[PDB]
Amino acid sequence: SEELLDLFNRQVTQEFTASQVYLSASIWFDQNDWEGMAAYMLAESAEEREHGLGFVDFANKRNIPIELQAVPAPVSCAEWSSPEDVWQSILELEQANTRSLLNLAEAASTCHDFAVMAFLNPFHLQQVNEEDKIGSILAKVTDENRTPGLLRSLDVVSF
Amino acid sequence: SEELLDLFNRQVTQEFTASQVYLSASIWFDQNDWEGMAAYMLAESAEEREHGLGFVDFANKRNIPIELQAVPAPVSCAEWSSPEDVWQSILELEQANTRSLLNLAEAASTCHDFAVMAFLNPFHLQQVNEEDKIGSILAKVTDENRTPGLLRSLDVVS
Amino acid sequence: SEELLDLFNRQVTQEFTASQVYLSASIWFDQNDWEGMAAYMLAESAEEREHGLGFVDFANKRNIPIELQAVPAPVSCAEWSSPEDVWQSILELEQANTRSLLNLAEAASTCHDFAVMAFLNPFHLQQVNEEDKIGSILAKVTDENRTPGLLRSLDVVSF
Amino acid sequence: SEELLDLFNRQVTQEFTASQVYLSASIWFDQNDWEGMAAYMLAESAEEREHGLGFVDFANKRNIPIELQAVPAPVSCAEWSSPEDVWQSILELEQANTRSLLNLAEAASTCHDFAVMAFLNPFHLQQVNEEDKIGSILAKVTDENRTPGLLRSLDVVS
Amino acid sequence: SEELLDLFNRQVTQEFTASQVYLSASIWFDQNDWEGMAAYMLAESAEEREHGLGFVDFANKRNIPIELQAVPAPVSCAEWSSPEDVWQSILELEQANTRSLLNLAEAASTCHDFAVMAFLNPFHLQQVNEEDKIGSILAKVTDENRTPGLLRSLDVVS
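Chains as they are written, first to last, in my numbering: chain A, 281 to 439; chain B, 988 to 1145; chain C, 281 to 439; chain D, 988 to 1145; chain E, 988 to 1145.
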C-alpha cells in the first residue's frame, strides 16, 4: 500500500533524525563537561543510525523504494540549560520513535503485510526497553540534581 | 486497553497459580514414591514462576501497573489417587494457561498493542510444545498403567 | 507433635508469603526507578522460595503432610511511598520469619523432635545474618536519605 | 551420665548388628540372583559399620568407655522368601535404629550433654533420608512384583 | 640495660593494648552499621597483635625476659558517639605507640644496644606511614560528615 511505503520511508528519516539529535545531546554534554553522559549519547547516536540502516536494508530486499530525505538540524540544543533538559528532550525523542513504529505497524497490519509486521517485532520490544532506560535515567538525574554538585558525582562514576 | 491492563495483571496470577499446582503435583508424587515424576513437576513449577517474573518485568518496563493478587491454594491435589489423575489435571492446567494467553493476545490485538503481541509470541509457541509434551506423557502413563507395576519402570528409568 | 505438624505446614506458607512480599518490594522499586534495590529484593524472593521448597522436601521425607495454603496478596506495598518504608517492612517480615522459626523449634523441642530441631539449625543461623543485613541496609538508607538525591547515588554504587 | 554411657555403648552394638543384617540381606539377594539389590545391601552394610566406627571414635575422644559386645547372628533371613520380605525387614531395621538414636539423644538432653547432642545431629538427619529411601524402594518392589518377572527387569537397572 | 628491658616488656603490653582498642573500635563501627570501617579496625587489631608477637619473638632470642601483663579493658569506646570520635581515638593511640617506640629506641641508644636499634628501624618507618594513613582518614571523615548521610555513602566504597 501507498501509506506503508510512505511510512517505511519516514521511519528511516526518523532513525537518522534521532541519531543527529543524540549527537547534538552528546556535544552539549561534552561542551559542559559531562563526559559520561556525552559517551552515552554518542553510543545511542550510532545505534539509531544502525536501526536506520537495518530498515534501508530490509526495504531494499522487499522492493520498498528508499528515497533519502533531509536530516533536519537538531534545535533543542538552543534551549538546554541543564542535564535534566537534555534527558527530557531525549525521552520525548524515544516516545516519538515508538509512536512512529506503532503507526508503521498499524499500516502494515491494515494491508496484511506480515513480513513487515514480523520485521518490526524486535523494534517494538527494543523501544519498550529504551523508554524504560531513559525514563529511569531522567528520574535519577532529576533526583541527584536536588543537591549542588551531586549529579556531577554520578556522571564521572556511573556513565 | 483497560481490559489489556486487567488481563495482564491476571496473567501474572495465572503463572503463579500454575506454579503452585505443579508443586502440589510434585508433593503428591513424592508422598507416593514417584520421584522421577516429582522431579519433573518441580522443574515445571520453577519454570512457571520464571514466566510470571517475565510478565512482571515487561509490565514494569511498559508501565503496566502490577498488583500481586493472592495465589490460590491448589485444589485438585485432594482428589488425586493415581499418577493418571495428576497428569490429567496438569494437562487441563496447561490448556488453561494457553487460553488465558490467547485471550490476553486478543485484547492486545483489539487495542493495537504491537509490543505486547510481540512479547507474547514466544509464549504462544512454548504452550504448543508444553501441551504436546504433557498430552504425550499422559498417553504413555495411561497405556503403561494397564499392567500392574509397569508404570513404576517409567518413573525409575525416564 | 500435632502442634508441630501444623506449625511445620504454616512454615511453608510463611516462606512463600515472604517470597511474595519481596516480589511486591521489587515491583515498587522498579516502578520508582530503584533498579539495584529491586534486583536485591528479586534475589531475596527467589531465596525465600528455595527455603519453602527445602521445608517441603524435608516434610515429604519425614512423612509430615504438606497441604499448600493460599499465598496472601501482599498488603504493605499499597502504603509505601519511599525506599525507607519498603526496607522497614522487609525488616518486620524477617523478624516475623525469625519468630515463626523459633516457635516451630520450640514445638519440636517439647515433643523431642531432634531431627526437626537439627533440620532448623542452619535456618536459625541464616536468620541472624538476614536480620543484621537488613537492619544495616535500613540504617544506611535512613542516613543517606537526609540529603536530597544522595540515596539515589548508592542504588548504583551498592547493589 | 550412666544412662547416656550405657546407651552410647548400646548404639555401637546396634550399628554393627545393622551392618550384619544388611550383609545377610545381600547374601540372600545374591543366592537368589538379585545382584543389583545385593550390591545395594553390601554398600549399606559397610556404611553401617562406618557409623559404628564414628561412634567408637567419638566415645574414645570423649572418654566414654567402649566395650565391644557380641554381634548377634541375623535371624530375619530365615523367614525371607521374596525381595519384598527383605526390604520390609530392612525398613524395620532402619526404624529400630532411628528410635535408639532418639533414645540416646533424649538421655543426652536430660543430662545436658550438648556435645553428644551436636554429634548426633547429622545422624538424625541421615535417618530421615534413609527411612525415606528404604520406604520408597519397598513401595516400588511391592508395586512391580504384582506382575510376574517385572521386578526382575528393574534389578538390572541399578 | 634494666631501663631497656623494662621498656621492651612495656612495649609488648602496648601492642596488645592497641590491638584491643582497635577491636573495640571495630565492635563500635559494627554495632552502628559501619561495616567497612569495622573491617579496617579488625585488620589493624590483628596487625597490632602481630607486632606484639614480633617483639616477644625478638625478646626470646635476645634473652630479654618477657612476662605478659594484663591487657587493660579499652575505655575510650564509652565516649564515642560518631565515627569522627573513633578515628580521633585511634590517631592518639597511634601517636602514643610512636612515642613509646621512640622512648624504647632512646633507652637502646643510651646503652649502645645496636641490635635493638636495628630491630626497631622498620617499626619507626611503619609508624610514620600509619600516623599518616590515620590522620588522612580522619580528615576525610571530618570533611564528609559535614553533609548528612555523606559519610555513610563512602563507607561502602571500602
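C-beta: ideal position from N, C-alpha, C; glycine also.
Mind checking residue i: buried by the 16 CB within 10 Å criterion, or exposed?
i       : result
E1081/E : buried
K1127/D : buried
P428/A  : exposed
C1098/B : exposed
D1020/E : buried
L431/C  : buried
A1025/B : buried
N425/A  : buried
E1117/D : buried
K1048/B : buried
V1058/B : buried
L405/C  : exposed
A1092/B : buried
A1065/D : exposed
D1130/D : buried
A395/C  : buried
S362/C  : exposed
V1144/E : exposed
Let me check understanding here. Comparing Cα to Cα, which of the options lies closest to residue i?
i       : options                               : result
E1079/D : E989/D, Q1001/D, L991/D and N996/D    : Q1001/D
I417/A  : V336/A, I370/A, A388/A and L405/A     : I370/A
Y1009/E : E1066/E, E989/E, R1036/E and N1019/E  : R1036/E
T297/C  : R426/C, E324/C and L400/C             : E324/C
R1086/B : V1115/B, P1070/B, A1065/B and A1060/B : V1115/B
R290/C  : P402/C, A339/C and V366/C             : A339/C
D993/B  : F1042/B, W1015/B and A1033/B          : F1042/B
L991/B  : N1050/B, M1028/B and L1138/B          : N1050/B
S306/C  : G332/C, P354/C and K341/C             : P354/C
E282/C  : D393/C, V366/C and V437/C             : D393/C
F995/B  : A1094/B, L1141/B and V1144/B          : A1094/B
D435/A  : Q300/A, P352/A and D310/A             : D310/A
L1055/B : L1040/B, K1048/B and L1112/B          : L1040/B
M1104/E : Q1075/E, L1089/E and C1064/E          : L1089/E
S1011/D : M1028/D, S1096/D and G1023/D          : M1028/D
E1071/D : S1096/D, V999/D, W1015/D and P1109/D  : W1015/D
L400/C  : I414/C, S362/C and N377/C             : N377/C
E1022/E : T422/C, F439/C and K413/C             : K413/C
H1038/E : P1052/E, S1063/E and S1006/E          : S1006/E
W367/C  : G415/C, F403/C and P402/C             : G415/C
Using a Cβ cut-off of 8 Å, pull out every chain E residue sitting near residue i, in sequence order please.
i      : result
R290/C : Within chain E, no residue comes near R290/C; the closest Cβ sits about 32 Å away, beyond 8 Å.
Counting only beta-carbon atoms, is residue i nearer than 8 Å to chain H?
i       : result
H1111/B : Of the chains in the structure shown, none is chain H; the protein chains are A, B, C, D and E.
What does residue i reach in chain D if we use C-beta pairs closer than 7 Å?
i       : result
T1134/B : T1134
Mind listing the chain C neighbours of residue i? Cutoff is C-beta to C-beta under 7 Å, in chain order.
i       : result
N1116/D : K341
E424/A  : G429, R432 and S433
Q1007/B : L348
In this structure, what does DSSP give as the bridge partners for residue i?
i             : result
residue 974/B : A question about residue 974/B goes unanswered here, because the residues of chain B that appear run from 988 up to 1145.
Check the Cβ of residue i against every Cβ in chain C and list those closer than 9 Å, keeping chain order.
i       : result
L1107/D : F394 and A398
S1011/B : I346, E347 and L348
Quick one: list the residues of chain A neighbouring residue i, beta-carbon separation under 7 Å, in chain order.
i      : result
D286/C : Simply none; closest approach about 45 Å.
Who are the neighbours of residue i on chain B, taking C-beta pairs under 9 Å?
i      : result
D412/A : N1047, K1048, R1049 and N1050
Using a C-beta to C-beta distance shorter than 7 Å, which residues of chain E count as neighbours of residue i?
i      : result
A419/C : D1020
Going along chain A, which residues have a C-beta under 9 Å from residue i?
i      : result
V436/C : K420, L434, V437 and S438
Closer than 8 Å by beta-carbon distance: list the chain B residues that pair up with residue i, in chain order.
i       : result
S1123/D : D1020 and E1022
Margin query: If the cut-off is 9 Å on Cβ atoms, which residues from the region 328-342 of chain A count as contacting chain B, listed in chain order?
Written below: none
Check: According to a CB-to-CB cut-off of less than 7 Å, which residues of the region 371-392 of chain C neighbour chain D?
Finding: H392
Margin query: Residues of the region 1047-1071 of chain B in Cβ contact with chain C at a cutoff of 9 Å, in chain order, please.
Written below: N1047, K1048, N1050, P1052, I1053, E1054, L1055, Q1056, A1057, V1058, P1059, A1060, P1061, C1064 and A1065
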